[PDB]
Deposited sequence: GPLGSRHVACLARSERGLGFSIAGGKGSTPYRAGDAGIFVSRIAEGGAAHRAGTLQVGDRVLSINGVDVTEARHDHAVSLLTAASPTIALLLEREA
């Protein structure tokens, strides 16, 4: 009786095509939740083309780094660090 989990494997373009909100360094996304959530997906971008993400997914892990408690701009750094791919672990429900 709680969410279910998925993996998003994204290749960087000229970005990943999605936005995040919340976390400890910023304003929450949900009433009583300092987690890092997907605020929106860019139509036509890398992420929309993969169809793996979804507005409202909690981000738990970015390339192995547990961000359930990380500051907003720390994950922002993790999401834009030059690397061939970005693996995301996500919670949906």
remark   = Stretches of the deposited sequence lacking C-alpha coordinates, in sequence order, are 1, 16, 96
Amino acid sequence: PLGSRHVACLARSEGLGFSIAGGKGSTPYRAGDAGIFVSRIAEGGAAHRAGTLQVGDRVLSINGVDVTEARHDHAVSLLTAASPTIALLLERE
From here on, numbers count along this sequence of modelled residues.
inquiry  = If you average the CA temperature factors as listed in the entry, which stretch comes out higher, 70-78 or 21-29?
reply    = 21-29
ask   = Hey, which bit's got the bigger mean C-alpha B factor in the entry, 30-38 or 59-67?
value = 30-38
